[PDB]
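Read through the structure below, which is laid out as structure tokens, and then see the notes.
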Amino acid sequence: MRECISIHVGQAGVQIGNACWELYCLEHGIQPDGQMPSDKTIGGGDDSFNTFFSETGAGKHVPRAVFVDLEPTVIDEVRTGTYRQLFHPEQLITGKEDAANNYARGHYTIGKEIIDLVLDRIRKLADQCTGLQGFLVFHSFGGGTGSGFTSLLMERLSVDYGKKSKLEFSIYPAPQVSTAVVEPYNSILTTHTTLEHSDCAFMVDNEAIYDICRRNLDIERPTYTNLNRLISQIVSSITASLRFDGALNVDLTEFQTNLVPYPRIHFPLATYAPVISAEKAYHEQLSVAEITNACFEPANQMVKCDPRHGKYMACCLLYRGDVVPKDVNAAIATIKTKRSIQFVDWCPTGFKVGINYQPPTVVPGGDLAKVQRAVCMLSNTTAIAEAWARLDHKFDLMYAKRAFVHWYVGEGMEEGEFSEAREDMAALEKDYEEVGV
Amino acid sequence: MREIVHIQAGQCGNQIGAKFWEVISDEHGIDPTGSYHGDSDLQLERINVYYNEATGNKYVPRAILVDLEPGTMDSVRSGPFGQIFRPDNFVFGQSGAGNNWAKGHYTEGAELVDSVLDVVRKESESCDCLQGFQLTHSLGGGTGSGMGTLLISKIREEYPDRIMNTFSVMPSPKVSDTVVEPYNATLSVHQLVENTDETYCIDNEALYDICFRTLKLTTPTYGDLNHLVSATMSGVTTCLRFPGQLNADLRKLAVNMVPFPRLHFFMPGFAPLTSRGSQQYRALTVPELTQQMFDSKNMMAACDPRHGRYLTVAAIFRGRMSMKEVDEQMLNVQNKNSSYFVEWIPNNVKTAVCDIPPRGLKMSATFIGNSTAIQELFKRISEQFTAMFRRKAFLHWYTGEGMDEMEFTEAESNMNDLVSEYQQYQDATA
Amino acid sequence: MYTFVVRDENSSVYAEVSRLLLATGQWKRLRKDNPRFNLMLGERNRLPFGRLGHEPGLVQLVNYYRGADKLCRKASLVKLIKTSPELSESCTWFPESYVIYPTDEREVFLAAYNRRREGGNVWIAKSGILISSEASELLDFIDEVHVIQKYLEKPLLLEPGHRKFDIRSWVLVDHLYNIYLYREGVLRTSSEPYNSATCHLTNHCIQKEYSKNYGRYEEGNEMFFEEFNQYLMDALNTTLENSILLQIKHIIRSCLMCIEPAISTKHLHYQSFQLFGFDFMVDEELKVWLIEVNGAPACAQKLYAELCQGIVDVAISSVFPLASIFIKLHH
Amino acid sequence: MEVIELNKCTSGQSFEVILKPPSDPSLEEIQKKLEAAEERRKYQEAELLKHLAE
Ligand SMILES: Nc1nc2c(ncn2[C@@H]2O[C@H](COP(=O)(O)OP(=O)(O)OP(=O)(O)O)[C@@H](O)[C@H]2O)c(=O)[nH]1
Ligand SMILES: Nc1ncnc2c1ncn2[C@@H]1O[C@H](COP(=O)(O)OP(=O)(O)CP(=O)(O)O)[C@@H](O)[C@H]1O
Ligand SMILES: Nc1nc2c(ncn2[C@@H]2O[C@H](COP(=O)(O)OP(=O)(O)O)[C@@H](O)[C@H]2O)c(=O)[nH]1
Ligand SMILES: [Ca+2]
Ligand SMILES: [Mg+2]
Ligand SMILES: [Mg+2]
Ligand SMILES: [Mg+2]
């Protein structure tokens, strides 16, 4: 057994973290108390769920997680919330004033003053690990903390834990819920600085999950609560293999091995189905063939793009519920004849499949309905570069006039870093086009 | 617990300043004695932003009242919410400034400014995490204009890393007190361009025209003018005073509203426009709020927004309403008039919604715009300024206090530069 | 009020559509880089499809199908027909074709070419074109990416004149992937007698430049369907509908239904329509062949007004309702 | 449609199916950058307090 430490940064990272750990506790049968009746080995364990939970002599199960934010309001809700007994204070780290949606302020100014504290609190979790395998970092592109402080942290983690893997769960900015005009700046900036330090990053466009909530959950105006509950299901599907008995994606190293042939091209597109409203009285449960086919509809992707006009480098199908291999292969066979699925010449056209017999757990009183089977497809497709292109365009528009640039320079950053980061994104778009066209 | 320190200087500053505290104290359920008697936890969740807590759970405005004559401040102390203010925070002289910027900035105000900074310092030391300062004043007088910009320059010296916000009232010959107001305003703008992060341009020309044309008040008083300002000030500080995602603090607001440091002069708006005691009974539909908030007739600065382009916009809706409908209607404004929003700042309109409405209304909307049309305001003051200055009229009032003509020349130049900088981005294309 | 943008100034077709839209009074043209548009008359190359359908509160439509180039490029069309089981190697309305690279199917072309000589072996190389029976000559012409296609040695010849021609058909595919064939087609005719040994290429540009006889038989070497149908009734005792159009309507459907899964915008975040230009040759036996597909076709002068109005009615007004000239090729 | 590496357990099972075959910066360097940015801030503030002093 090898431990995994989760790091939640900024408002998005923390609030998403809350949804995930709430969901992890339901899936593993852990109470807000922190007690886990099913766990008969008291005080310690070598089990799969111990990857995410440590144990105390009293039998409390404690998330190997650290919450960080340069402003205490959000984390204060965790300290006073339902799962307050779950974490111990040293895990929850808070500053006084935030990064004001400024990458430079989060990276250079305020980051410099708290980076040594966070690393020391992380170091204390690492010292309780017999074989720490790496980190799962949750954050936003748009926030000053989520973007600026994360990139600083990722730089230092590569220094202090050079051998360990690092996975990202990034929230990509969407105008319908964005709180800043400069979120395109922060995104390119944090992507540029973090790129070489991240092994596999799962982007989640707020736009996509926003529309999924409107379309399928029949929610008129989704809140962060609605968004995070759905995101947590995706994260849970992705991290389930680390927390349950299986033979596919059982360590962080295998994520890179299975999904990332080229290091810079480490942004797998996630697709999830079925998303059913808990308010629908009558619902016909969907078959393996129906949910698998849904994984190739852009309307169900975490990022709205068109894989038909790109190429695949890898594909993983993660099922949860009543599923057997025979029905998967039968569904894949049918789909391959009907859909446009082209891999790169230097990759096998195939699918790595994982089935967990336990159906998806849903938060009591949530928006999602209980389903007998669901699937999350992880596909490294070049079509996700459409997200970078949208982002880089917004960047170019503002930066041509140097709009808002003075806020960054004022915090000590140099204007050269803007172009340096944009150049790196230009090269990245170029890499995608070479591989996929 | 991000505290804001409020300062009000001069007659105008303390009049509007007093009304501001009357309005928000009512919204937060604070009575004239400083005791809370509200019915919602939303009222106290961010009360510490503008109020200090004392024993007996008394709430005291973090406000500092400044003037060079005791007149208006004696009226405030005898006003309805006079007792609420900290008695030691009343700081005043006796001489007055005689509507002379030079008196407020260089002579009379210099004698008093240290006493004010001693009160500011005591307030700031008590802050858990000071955001910065908001100043209410007019630019046409002497104290609020002259000493106000002096205070600003001194506060920046001691607190260079804090945000400096101002509610600055602009002078209009329609409400003129003296002929030297264009001199005082131009000299003040010269200071504001340099030493403020955010300035709400409240124009007396606009306030008067609203009272006359729209509210059908044949003979507008200052009370009628301040009903509109206090409503605007309550609106644009909503995001700061209640739980919210957008523009929740002074710095995040600046980052979203100010693409270039000098261009930080905002054009505030409000809907529905009401007169005191009108007490209208029909709430506006979300579509009605949206069309009116963006209407020229609802702008507190006498500038035609269609004569320029919006760099950034911040809309705040107050009351119980469909957030879905707000989003649809806000998207509708941008898509129907996309030519008036610059294309080189994508998604430059941010919207907030607060469940608590202002008193007397079920539904209200406040508008904050950084438009290039604001140059019309500075052009106006510049014309009036140059008309006198070409003949050096009335300058003796200023040279008698030690000022030189060059300082007027520099101030005029910098304001004309500001006008030309707005015009530059009004013509810029992507 | 609906809004649109124009990013292809060299488009005669959509310049008329743009004018027609403005004439409704219910459409306003924005600057080209204004993202808040309902309709995009995009550019011919590197159209940013990745930036479409990401504008809250806007239904966005574009006048091109992403991936339609697979049908509109010479080499891509060949590869499409050969490797697509819906069309297959055994396709009877597309001439024998091969893809060749200068300095690939060279080995395969020669393998079949040697078959031809022992014991008609004329071909055509398309990127400037070169028709020749000598394979060694064609391969040289390429070197100094092309397609080598079987040249139709026995074309249908129009009398009087003994001259060849090709048929242009305008097809409109809307957002629902309804295939619409325009009523009016055109015959780009050669004004020169067809010589078995300027007269071989029916290109309007080449005709105007190298032909002495340009415009004697018909206006600008363009015969329309009413006349061509009449000729077919008098000379061969048949109709345009039966002898030719059935085959045309078949080919258009087969090609577009083949590529539909790859380019359909049914469940996408943005919608697409597009105007296509199918070019056909017909031989002595009144058998129809497909030459190429044009992704950005112009129109015949007298047909601009009617066709462009049809694009607005069918492709645009269908998505954006205001306040038939087409034959629907049913699937 | 070749199935390979089929693994089974009480919790579930996993496998692979192939349709077709193929055809850095030091801690020192970080500390410098943060400090280089801090000095640029201190310089800008120094110019401000100099301007205000005038
Ligand atoms: N999906 C989702 N997105 C969120 C959530 N909270 C914030 N965001 C997004 O994150 C972006 C802003 O970053 P934040 O995380 O809020 O800011 P931060 O990391 O705390 O940085 P600072 O506030 O500047 O210190 C916006 O585009 C939001 O849409 C959330 O709970 N769920
Ligand atoms: N395989 C073939 N058999 C017989 N004639 C052919 C032929 N391929 C081309 N032609 C003749 O040569 C002409 C070349 O036109 P092609 O369409 O091949 O190039 P183009 O794409 O530059 C012209 P357009 O786009 O206007 O149709 C055709 O119109 C036809 O008259
Ligand atoms: N809106 C409003 N404007 C005022 C009020 N009192 C004065 N003014 C304006 O302020 C300017 C004069 O400034 P004043 O406040 O009297 O100067 P000071 O007290 O010496 O600083 C004139 O242009 C007036 O129009 C008021 O109560 N309300
Ligand atoms: Ca145990
Ligand atoms: Mg924050
Ligand atoms: Mg006065
Ligand atoms: Mg062509």
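Line by line, the protein sequences are chains A, B, F and E.
What the first sequence shows, in the deposited numbering, is residues 1 to 437, in sequence order.
What the second sequence shows, in the deposited numbering, is residues 1 to 42, 45 to 360, 369 to 440, in sequence order.
What the third sequence shows, in the deposited numbering, is residues 1 to 103, 126 to 141, 144 to 151, 159 to 175, 179 to 231, 237 to 362, 373 to 380, in sequence order.
What the fourth sequence shows, in the deposited numbering, is residues 6 to 28, 44 to 74, in sequence order.
Using N, Cα and C, we set each Cβ at its ideal position, and we do this for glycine too.
For residue i, is the beta carbon positioned less than 7 Å from some heavy atom of ligand 2?
| i | result |
| --- | --- |
| residue 30/F | no |
| residue 200/F | yes |
| residue 185/F | yes |
Keeping to the same chain, check which residues put their C-beta closer than 7 Å to that of residue i; ignore five residues upstream and five downstream.
| i | result |
| --- | --- |
| residue 273/A | 291, 294, 295, 300, 374, 375 |
| residue 208/B | 301, 302, 303, 304 |
| residue 279/A | 218 |
| residue 21/E | 9, 10 |
| residue 348/F | 20 |
| residue 178/A | 142 |
| residue 55/A | 43, 44, 45, 61 |
| residue 349/A | 343 |
| residue 149/F | 169, 172, 173, 180, 182 |
Beta carbon of residue i: closer than 7 Å to some heavy atom of ligand 3?
| i | result |
| --- | --- |
| residue 99/B | yes |
| residue 115/B | no |
Determine the chain B residues that contact residue i at a beta-carbon separation under 7 Å, and present them in chain order.
| i | result |
| --- | --- |
| residue 56/F | 333 |
| residue 221/A | 325, 326, 329 |
Tell me whether residue i, by its Cβ, gets closer than 7 Å to a heavy atom of ligand 4.
| i | result |
| --- | --- |
| residue 56/A | no |
| residue 41/A | yes |
So which residues of chain F does residue i contact, with C-beta pairs closer than 8 Å?
| i | result |
| --- | --- |
| residue 338/B | 1 |
So which residues on chain B does residue i lean against when the C-beta distance must stay under 8 Å?
| i | result |
| --- | --- |
| residue 102/A | 257 |
| residue 36/F | 336, 337, 340 |
| residue 30/F | 340, 341 |
Taking only heavy atoms of ligand 5 into account, decide whether any of them is closer than 7 Å to the Cβ of residue i.
| i | result |
| --- | --- |
| residue 143/A | yes |
| residue 95/A | no |
| residue 98/A | yes |
If you drop the 5 nearest sequence neighbours on each side, which residues of the same chain put their C-beta closer than 8 Å to that of residue i?
| i | result |
| --- | --- |
| residue 118/A | 66, 68, 93, 153 |
| residue 328/F | 93, 94, 95, 186, 319, 320, 321, 322 |
| residue 245/A | 48 |
Residue i versus chain F: which residues are under 7 Å apart at the beta carbon?
| i | result |
| --- | --- |
| residue 309/A | 66, 67 |
So residue i contacts chain A; which residues on that side make the cut at Cβ distance below 8 Å?
| i | result |
| --- | --- |
| residue 346/B | 397, 398, 400, 401, 403 |
| residue 210/F | By Cβ distance, chain A contributes nothing, its closest Cβ being about 17 Å from residue 210/F, past 8 Å. |
Leaving out five residues on either side along the sequence, give the residues of the same chain with a beta carbon under 6 Å from the beta carbon of residue i.
| i | result |
| --- | --- |
| residue 202/B | 169, 268, 270 |
| residue 184/B | 391, 394, 395 |
Any heavy atom of ligand 7 within a distance shorter than 7 Å of the CB on residue i?
| i | result |
| --- | --- |
| residue 242/F | no |
| residue 333/F | yes |
Could you check if residue i belongs to the surroundings of ligand 1, using beta carbon to heavy atom distance under 7 Å?
| i | result |
| --- | --- |
| residue 184/A | no |
Residue i versus chain E: which residues are under 9 Å apart at the beta carbon?
| i | result |
| --- | --- |
| residue 513/A | Any answer about residue 513/A is impossible in this case: the structure gives chain A only from 1 up to 437. |
message: What ranges does the beta strand (DSSP E) occupy inside the stretch 187 to 235 of chain A, keeping only unbroken runs of at least 3 residues that lie completely in it?
response: Along the stretch 187 to 235 of chain A, the beta strand (DSSP E) occurs as fully enclosed runs of 3 or more residues at 200 to 205, listed in sequence order.
message: Quick check on the DSSP output: what are the complete alpha helix (DSSP H) runs of length 4 or more inside the stretch 21 to 81 of chain A, in order along the chain?
response: 72 to 80
- request: Run through the stretch 300 to 355 of chain B for me and flag every whole alpha helix (DSSP H) of 4 or more residues, listed as ranges in chain order.
  value: As far as the stretch 300 to 355 of chain B is concerned, its whole alpha helix (DSSP H) runs of at least 4 residues are 325 to 338.
- prompt: What beta strand (DSSP E) runs, 3 residues minimum, are completely inside the stretch 199 to 256 of chain B?
  reply: Annotation note: the stretch 199 to 256 of chain B contains the following uninterrupted beta strand (DSSP E) runs of length 3 or greater, listed N- to C-terminal: 200 to 205.
Inter-stretch contact at 8 Å, needing at least 3 Cβ pairs: the stretch 98 to 108 of chain A / the stretch 120 to 133 of chain A: no
- request: Determine, using beta-carbon pairs with one atom in the stretch 7 to 16 of chain B and one in the stretch 127 to 138 of chain B, whether at least three such pairs fall under 8 Å.
  value: Counting C-beta pairs closer than 8 Å gives three or more between the stretch 7 to 16 of chain B and the stretch 127 to 138 of chain B, which meets the contact rule.
message: Measuring CB atoms only, is the stretch 224 to 232 of chain B touching the stretch 16 to 25 of chain B, in the sense that at least three cross pairs come out at less than 8 Å?
response: yes
- prompt: Do the stretch 243 to 258 of chain F and the stretch 45 to 62 of chain F make contact, defined as three or more Cβ pairs closer than 8 Å?
  reply: no
field: Touch test, the stretch 402 to 409 of chain A against the stretch 346 to 363 of chain A, Cβ-Cβ under 8 Å, three pairs minimum
entry: no
- request: Taking only runs that begin and end inside the stretch 40 to 100 of chain F, name each unbroken alpha helix (DSSP H) of 4 or more residues, in chain order.
  value: 69 to 72, 74 to 83
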